[PDB]
Enquirer: 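One structure, as structure tokens, below. Some questions next.
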Amino acid sequence: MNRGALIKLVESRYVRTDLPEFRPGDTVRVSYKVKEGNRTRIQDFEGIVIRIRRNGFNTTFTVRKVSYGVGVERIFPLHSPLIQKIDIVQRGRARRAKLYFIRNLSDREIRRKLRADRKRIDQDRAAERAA
RNA sequence: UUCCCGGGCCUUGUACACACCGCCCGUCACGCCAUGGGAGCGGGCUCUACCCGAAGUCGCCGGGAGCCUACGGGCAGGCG
Ligand SMILES: [Mg+2]
Ligand SMILES: [Mg+2]
Ligand SMILES: [Mg+2]
Ligand SMILES: [Mg+2]
Ligand SMILES: [Mg+2]
Ligand SMILES: [Mg+2]
Ligand SMILES: [Mg+2]
Ligand SMILES: [Mg+2]
Ligand SMILES: [Mg+2]
Ligand SMILES: [Mg+2]
Ligand SMILES: [Mg+2]
Ligand SMILES: [Mg+2]
Ligand SMILES: [Mg+2]
Ligand SMILES: [Mg+2]
Ligand SMILES: [Mg+2]
Ligand SMILES: [Mg+2]
Ligand SMILES: [Mg+2]
Ligand SMILES: [Mg+2]
Ligand SMILES: [Mg+2]
Ligand SMILES: [Mg+2]
Ligand SMILES: [Mg+2]
């Protein structure tokens, strides 16, 4: 018996592979299906990825944004079917895996610490040029 | 003729004038009106210091990087 292998077999039915790769510090726009009454639509949530905790299929990530003066954080299951798509708005360069410190920074101070990551931006540009 | 009462004439003081059975002061009691002080309570204006900070002009960059060119250039964009 390989208990770890049996678990992966169960989850393989629900594993997604159509989402783009990103890192904490990147600016990301998540398009999420919402239910309001008896209707379904798509709501976009755009912000800075501050945390990705990995458990294989059970991976989740957290996105932070300031909306109408109030900070908001949303935690998403990475393989959730409720995610329509994820867009890469901006590539950021961080020096650590968890970015809880930006909760106590102003907008100018956040822009200083999370500067654009040139190397990964060029890789996104080199990709998608295969037209 | 000292004293009690009443009167006469002159003079003197007066805050009295239906005129001393005149006038008049202050506390206290009650009522009305406005007001000072007062643990505090609720507001308005204003000053100083620091924090965040839109638009926009201005200054610097414009690259490890987009667009235009008449390019020792410009626009977008970034920083202050
Ligand atoms: Mg973990
Ligand atoms: Mg990890
Ligand atoms: Mg775990
Ligand atoms: Mg979280
Ligand atoms: Mg979490
Ligand atoms: Mg992380
Ligand atoms: Mg990590
Ligand atoms: Mg960390
Ligand atoms: Mg931290
Ligand atoms: Mg006579
Ligand atoms: Mg006399
Ligand atoms: Mg007289
Ligand atoms: Mg009288
Ligand atoms: Mg009297
Ligand atoms: Mg007295
Ligand atoms: Mg009485
Ligand atoms: Mg009284
Ligand atoms: Mg008073
Ligand atoms: Mg009083
Ligand atoms: Mg300022
Ligand atoms: Mg300032």
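Below, chains carry the letters A, B, ... as their sequence lines are ordered, and counting in each starts from 1.
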Enquirer: Between which nucleotides of RNA chain B, read 5' to 3', does contact with chain A run, using atoms under 4.0 Å from its heavy atoms?
Expert: B:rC52 to B:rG80
Enquirer: State the sugar conformation of B:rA19 as north or south, using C1'-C2'-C3'-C4' as the deciding torsion.
Expert: north
Enquirer: Sign of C1'-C2'-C3'-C4' decides it: give me the sugar pucker of B:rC21, north or south.
Expert: south
Enquirer: Can you list, by residue number, the residues of residues 118-131 of chain A that have a non-hydrogen atom closer than 4.0 angstrom to RNA chain B?
Expert: A:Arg118, A:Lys119
Enquirer: Work out how far the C1' atom of B:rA70 is from that of B:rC75, and round it to whole angstrom.
Expert: 15 Å
Enquirer: What about B:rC79 and B:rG59: are they a Watson-Crick or G-U wobble pair, with both distances under 3.5 Å?
Expert: yes
Enquirer: Taking only residues two or more places apart in sequence, or in another chain, which ones meet A:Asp26 in a side chain to side chain donor-acceptor pair (under 3.5 Å)?
Expert: A:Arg91, A:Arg120
Enquirer: Under the salt bridge (charged side-chain N to carboxylate O under 4.0 Å, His left out) definition, can you give me all pairs with a residue in residues 107-116 of chain A, not counting sequence neighbours?
Expert: none
Enquirer: Does the pair B:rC24/B:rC25 satisfy a centre-to-centre distance of less than 5.5 Å between six-membered base rings together with a plane angle of less than 30°?
Expert: no
Enquirer: Classify the angle between the aromatic ring planes of A:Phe22 and A:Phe61 as parallel (below 30°), tilted (30 to 60°) or perpendicular (above 60°).
Expert: perpendicular
Enquirer: For RNA chain B, determine which residues of residues 107-114 of chain A have any heavy atom closer than 4.0 angstrom to one of its atoms, and list them numerically.
Expert: A:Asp107, A:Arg108, A:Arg111, A:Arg112
Enquirer: Taking atom OH as the centre, does A:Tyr14 end up with more than 12 heavy-atom neighbours from other residues, nucleotides or ligands that are less than 6.0 angstrom away?
Expert: no
Enquirer: Between B:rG80 and B:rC52, how many Å separate the two P atoms, rounded to a whole number?
Expert: 12 Å
Enquirer: Kindly check if the number of other-residue, nucleotide or ligand heavy atoms within 6.0 Å of CD (A:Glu128) is above 12?
Expert: yes
Enquirer: Examine B:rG43 and B:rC20 and say if both key distances are under 3.5 Å for a Watson-Crick or a G-U wobble pair.
Expert: no
Enquirer: Would B:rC32 and B:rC33 count as a stacked step, six-ring centres under 5.5 angstrom and planes under 30 degrees apart?
Expert: yes
Enquirer: Run the side chain to side chain donor-acceptor pair (under 3.5 Å) test against A:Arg118 and tell me which residues pass, sequence neighbours left out.
Expert: none
Enquirer: With sequence neighbours left out, write down each residue that passes side chain to side chain donor-acceptor pair (under 3.5 Å) with A:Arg64, or none if nothing qualifies.
Expert: A:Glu73
Enquirer: What residues form a side-chain contact (heavy atoms from CB on, under 4.5 Å) with A:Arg16, not counting sequence neighbours?
Expert: A:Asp18, A:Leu19, A:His79, A:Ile83
Enquirer: Taking the P atom of each, how far is B:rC24 from B:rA19, in whole Å?
Expert: 13 Å
Enquirer: Which value, in whole Å, describes the distance between the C1' atoms of nucleotides B:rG42 and B:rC50?
Expert: 29 Å
Enquirer: Which residues satisfy the side-chain contact (heavy atoms from CB on, under 4.5 Å) test with A:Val89, sequence neighbours excluded?
Expert: A:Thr27, A:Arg29, A:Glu46
Enquirer: Mind checking what makes side-chain contact (heavy atoms from CB on, under 4.5 Å) contact with A:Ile75, not counting sequence neighbours?
Expert: A:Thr60, A:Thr62
Enquirer: For nucleotides B:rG74 and B:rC61, find the distance between their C1' atoms and express it as a whole number of Å.
Expert: 15 Å
Enquirer: Kindly check if B:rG73 and B:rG72, neighbours in the strand, have base rings whose centres sit closer than 5.5 angstrom and whose planes are less than 30 degrees apart?
Expert: no
Enquirer: Residues two or more places apart in sequence or in another chain: which of them pass side chain to side chain donor-acceptor pair (under 3.5 Å) with A:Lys85?
Expert: A:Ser31, A:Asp87
Enquirer: Here, do the bases of B:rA76 and B:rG77 lie with ring centres under 5.5 Å and ring planes under 30 degrees of each other?
Expert: yes
Enquirer: Pucker class of B:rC10 from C1'-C2'-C3'-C4', north or south?
Expert: north
Enquirer: For A:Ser80 and A:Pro77, indicate whether the former's side chain and the latter's backbone hold a donor-acceptor pair under 3.5 Å.
Expert: no
Enquirer: North or south for the sugar of B:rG63? Use the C1'-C2'-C3'-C4' sign convention, positive meaning north.
Expert: south
Enquirer: Between B:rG72 and B:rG62, how far apart are the two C1' atoms, rounded to whole Å?
Expert: 16 Å
Enquirer: Under 5.5 Å between six-ring centres and under 30° between planes, true for B:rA19 and B:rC20?
Expert: no
Enquirer: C1' atom, B:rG64 versus B:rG77: distance in rounded Å?
Expert: 16 Å
Enquirer: Return the set of residues passing side-chain contact (heavy atoms from CB on, under 4.5 Å) with A:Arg13 (not counting sequence neighbours), or none when no residue passes.
Expert: none
Enquirer: Would you measure the distance from the P atom in B:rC18 across to the matching atom in B:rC23 and give it in whole Å?
Expert: 10 Å
Enquirer: Can you tell me if B:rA76 puckers north or south, using the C1'-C2'-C3'-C4' torsion sign?
Expert: north
Enquirer: Do B:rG80 and B:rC58 meet the pairing test, Watson-Crick or G-U wobble with both distances under 3.5 Å?
Expert: yes
